[PDB]
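Here is the structure we will look at, set down as structure tokens.
For reference, chains read A, B, C, D, E, F, G, H, I and J in written order, and residue numbers begin at 1 within each chain.
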Amino acid sequence: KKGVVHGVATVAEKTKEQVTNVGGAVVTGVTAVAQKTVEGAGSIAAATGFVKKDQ
Amino acid sequence: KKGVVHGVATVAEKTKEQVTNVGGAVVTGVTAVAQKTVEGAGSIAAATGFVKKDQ
Amino acid sequence: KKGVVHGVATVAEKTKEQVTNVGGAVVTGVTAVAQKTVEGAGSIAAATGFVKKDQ
Amino acid sequence: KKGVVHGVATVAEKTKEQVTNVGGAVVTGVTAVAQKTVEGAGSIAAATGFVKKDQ
Amino acid sequence: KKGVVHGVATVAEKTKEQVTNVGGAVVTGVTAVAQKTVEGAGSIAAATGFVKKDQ
Amino acid sequence: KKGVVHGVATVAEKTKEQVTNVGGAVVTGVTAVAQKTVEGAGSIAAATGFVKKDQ
Amino acid sequence: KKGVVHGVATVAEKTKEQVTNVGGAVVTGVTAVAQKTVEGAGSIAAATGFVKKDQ
Amino acid sequence: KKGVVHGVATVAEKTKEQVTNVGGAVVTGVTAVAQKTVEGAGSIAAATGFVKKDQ
Amino acid sequence: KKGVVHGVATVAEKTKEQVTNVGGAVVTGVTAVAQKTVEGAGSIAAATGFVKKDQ
Amino acid sequence: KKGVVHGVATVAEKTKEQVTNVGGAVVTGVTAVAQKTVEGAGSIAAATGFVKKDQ
């Protein structure tokens, strides 16, 4: 076989899960957050996949 | 087989799940948030997939 | 087989779920949010798939 | 088989769900939000798939 | 076989999970956060995959 | 002060919430159930406060 | 002060929450269930407060 | 002070939370269940407070 | 002071939390369950407070 | 002071937490279970407080 990509690719066979991202956010997984009190200014309480590039 | 992509591709066979994103947000997964009190200015309480690029 | 894409594609066979996004938001998954009080100015309380690019 | 796309495509066979988006928003999944009080100016309380690009 | 990529690629066969990211965040895994009180200004309470590049 | 009860009482001062039950069911709290498929004969899918005394 | 009870009482002062139960079920708390598939005969999927006394 | 109870009592002062139960179930706490697939006959998947006295 | 109980009592002062139970189940605490697949016949997957007295 | 109990009592002063149980189950503490696959017939996967007296 032959393949040429510029990116971003994701090429496969017999594949149970696939995610391609440029951005941006993708949530595909099981996630449970239980929480009782959030205070403070300002605290990232429960972050799973996170990116902060403030300018 | 032969394939040429510019991106972003996601090419496969026999594949249970697929996500392609440029952006942007995609939520495809099970997610449960239970929460009782959020305060503060300003706190990211429960973030799963998150991207902040303020300018 | 042969395939040429510019992107964004999502090409497959025998595939249970598919999402293609450029944007933008796509919500296809099970999601439960239970919440009792949100305060503060301004706090992202419960974000699952999120993108903030304010200019 | 043969396929050439400009994007955004989503090509498949035997496929239970499909979403193609350029935009924009698509909601196809089960979603339950229960909520008791939202205050503050201005707090994104419960966001599932979200994109904010204010200029 | 032959392959030439510019990156970022992810090329495979017989592959159970795949993630390609440029960004950005991708959450595909099981995650449980249980939490009782978050205070302080400002403390990253529970971060799993995290990136902070404030300027 | 003086108090004599037979039960069931609930006596208080300065009290934000109160529930008295003999029975029976009382639901006063925030509750979110999101659900996609229930099968089987017969499975209690999502029970929060539950009592089964079949004879 | 003086108090005589037969039960079940709940006597207090300056008290934020109170529950008295004989039964029976009382749900006063925040609860989020997100769920995607329930099968089997018969499986208690997600039980929070539960009592089964079948005869 | 003086107190005589038969039970079940719960007597206090300056008390943030109170639960009295004879039964029966009481759910007053924050709870998040996220779940993707339940099978089998019959499996208690996610039980928090649970009592099974089948006869 | 003087106190005579038959049980079950719970007598206190200046007390943040109280639970009295005869039964039965009481859930007052923060709880997060995230789960992806449950199979088998029949397996207690995730049990927090649990009592099984089948006859 | 003077006290006579039959049991089960729990008598105190200046006390942050209290639990009295006859039964039965009480869950008052923070608990996080994250889990990916449960199989087998039948295996107690993750048990925190547990009692099995099958007859």
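To be clear about the criterion, a residue touches a chain if its C-beta (ideal position, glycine included) is under 8 Å from a C-beta of that chain, and two chains touch if they have at least 3 such contacts.
When the contact pairs of H-I are matched by residue number across F-G, G-I or E-J, over half of them reappear in F-G. In this structure, the chain pairs G-I and A-B differ in their number of contacting C-beta pairs, and the larger number is found at A-B. One simple way to say how far apart two chains are is to compare their mean CA positions; for chain A and chain C this gives 10 Å. Once the centre of each chain is set as its mean CA position, chain E and chain F turn out to be 40 Å apart. Chain centres here are Cα means. That of chain C falls 5 Å from that of chain D. In whole angstrom, the spacing between the mean C-alpha positions of chain F and chain J is 19. Residue positions 1-55 of chain C are each in touch with at least two other chains. In the complex of the two chains, the chain H residues touching chain B come out as 30-36. Residues of chain H touching chain F in their complex: 23-28, 31, 33, 38, 41-42.
Only residues 1-55 of chain H touch chain G when the two sit together in their complex. Taken in their complex, chain D has these residues touching chain B: 8, 29, 40, 43, 46, 48-51.
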